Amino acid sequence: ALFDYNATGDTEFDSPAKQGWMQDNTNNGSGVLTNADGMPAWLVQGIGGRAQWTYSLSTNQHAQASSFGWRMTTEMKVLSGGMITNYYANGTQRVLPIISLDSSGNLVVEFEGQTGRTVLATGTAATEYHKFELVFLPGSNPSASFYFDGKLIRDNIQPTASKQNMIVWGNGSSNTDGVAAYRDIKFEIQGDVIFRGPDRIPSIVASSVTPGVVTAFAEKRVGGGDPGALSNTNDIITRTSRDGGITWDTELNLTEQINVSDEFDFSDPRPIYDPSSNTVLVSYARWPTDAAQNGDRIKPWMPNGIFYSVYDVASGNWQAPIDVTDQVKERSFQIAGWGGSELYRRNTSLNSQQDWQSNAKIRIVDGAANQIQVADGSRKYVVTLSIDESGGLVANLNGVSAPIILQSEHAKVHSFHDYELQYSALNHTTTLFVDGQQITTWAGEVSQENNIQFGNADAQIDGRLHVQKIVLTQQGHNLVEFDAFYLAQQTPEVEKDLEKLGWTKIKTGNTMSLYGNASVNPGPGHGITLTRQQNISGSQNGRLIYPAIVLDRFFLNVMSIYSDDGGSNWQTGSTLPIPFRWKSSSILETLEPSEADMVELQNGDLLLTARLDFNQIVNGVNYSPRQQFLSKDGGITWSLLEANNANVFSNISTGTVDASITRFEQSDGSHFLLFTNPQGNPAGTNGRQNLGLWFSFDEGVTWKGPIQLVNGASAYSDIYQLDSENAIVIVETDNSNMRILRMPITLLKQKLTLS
């Protein structure tokens, strides 16, 4: 909430009384409206008496200011004397700066509860207009900092005892003469509620093309629970501000229009601001109302998916939801030959004296020893697919010496491809096609086997492959037809077990296989539009991207979901690389990255920070509740940043919770990273308390802070640059009430520099 006086000659607001301020003069103290040079100002003439203006605040407003902070901004020039007192008192305490011209004619400041004056300006500048700012940060030991034309003058100013209760400006002394002219006074109370608990899971973005336009999101939760609870209906809600996040329009339910029979929960609103179109595109998860991500109750035959809505900033209009599920929710049979091998084989009756064809639609997720094989009673043909050290897609053929690089561009490397073997009876050789393109011809090797086989073939070579289709054809008839894309999404009365469908399973060591994915979910926070991708091969400026949560069957991980055409069509990247170990029980010990946020670094690399849910220890190594990852190819693939986990955020909470990360760019061209998360109470303990703000000035190698932003409850949060000097924060607080902070980043960062 903002309380202000703005000097203007406009007869409709041409004095402080007309703007709700109370006159508080004594004796010969007075004031008058002046028009020095086109710029109106209120001239406070505190000669022979006091001359000030006051604004009263309620008990609640004072309490809010104490919990969530406040800031006071004055534009004034001092003409003469002293006791120029612009300050805030809450009934028990005040921070009182006292501004004056000293006996040398210089502009100086003192603070009650402190000895000493500081010279702010000398010479002609002493009596010119300046911007004076007081910023109060909450906490158990809260303090204020004072800035002069944007520069930190005094930090850690302790509030002092006062029974006064008001916002005050002018000359607050009967005895001490003081004259000053005021253009503007602003007092802002931080932390206004924008979405009420038990609604949850906030996110926020701002428009750079139309300054002042801010759009925030949350889950409307009827019944107050996570998605997936029968007879309860969650929707996505949004509000827009057009004055920089001060006032907000009517809460709008985005999804009820596609929830007309109460069958769904929607969750995890993930907005992206696109400056090229000046739009906000927000993606969110759909769940059946009675099954979702928690407890892995969601299954691939259920209507989990992802939808998006578009906000046109110029017109203020919302575009109806659009389903992108088929583009981003993979349906496949997945074989993870991690620490083992798993193959499926069936005997066939191929005639090697007739042509035959096989089609396999296969994605290589990682590793090697991933095979598709046909033997026709005379010869055996096996294609082994792998990802090499540099991230290329490689085929090796039996009986052929040299490997074939099928693709080196990382996006295409991890995509599905259409493999076709065309056997020619005439030539007694087989031609390999990939995505319609003739690759090579080879004779395979002599064999009396007659079968088709696929999977991961070696217990000593890790590999994961996903299969959508395996077909074998001869004389126009499909001898074998396995459609995992189809089967993955059928209800459970449909037979899907390969071993009950005429295949033989051959397994060694430990493996995991499944029809998936069970669900995809954009996750909590905002996404980004890329602008520094010039030197990132395969990538493109204007890419829309967010780090989504994918549940394959029982394990969570994160992958990029992105669009290179403004959001019309979407693609998915690879999941985060994570360590694994098989426990004695043939149960998988690994990590589950979930709620994630990313930012584009100066060089076009992407930095990702992820919540690590459930188990955090793999092979005796504790990865903490948070882990950072780096992408060098525009978000297609990632690497785990060793020793860059919760440890880099000093005094961060030790409990799992969603965080936020974002870029901040100053008007002089410089930039740095901001990050928000609860500190816990006390800081560094497990608790959704006391939101902290961390800074990185070296592209995410180290973090400074935290600066405490909130006193009390603090859970999920999201931070975004509002303008050249401020960032806007939305944060869950008491009873999950979601509150707005508008933070003077360029002022606050000075608390972290040399003193």
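Note that residue numbering follows the sequence shown and begins at 1.
K.L.:
Mean C-alpha B-factor higher for 470 to 478, or for 582 to 590?
P.N.:
Stretch with the greater average CA B-factor: 582 to 590.
K.L.:
Of 346 to 354 and 359 to 367, which one has the bigger average CA B-factor?
P.N.:
Per the PDB entry, the higher value belongs to 346 to 354.
K.L.:
Return the residue from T26, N726, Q689, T702 that has the highest Cα B-factor in the entry.
P.N.:
Max CA B-factor in the entry, restricted to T26, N726, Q689, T702: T26.
K.L.:
Could you say which of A459, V558, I153, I661 has its CA atom at the highest B factor, as listed in the PDB entry?
P.N.:
Highest C-alpha B-factor among the listed residues goes to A459.
K.L.:
Taking the chain's C-alpha temperature factors as the reference, tell me which third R117 falls into: lowest, middle or highest.
P.N.:
Top third by C-alpha B-factor.
K.L.:
According to the PDB entry, is the CA B factor of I740 in the bottom, middle or top third of its chain, that is, lowest, middle or highest?
P.N.:
Ranked within chain, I740 CA B lands in the lowest tercile.
K.L.:
Rank-wise, by C-alpha B-factor, drop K507 into the lowest, middle or highest third of its chain.
P.N.:
Answer is middle: the recorded C-alpha B-factor places it there.
K.L.:
Lowest, middle or highest third: which one holds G49 when the chain's residues are ordered by CA B-factor from the entry?
P.N.:
Highest third - that is where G49 ends up once the chain's C-alpha B-factors are sorted.
K.L.:
In terms of the CA temperature factor given in the entry, to which third of its chain does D597 belong: lowest, middle or highest?
P.N.:
Answer is lowest: the recorded C-alpha B-factor places it there.
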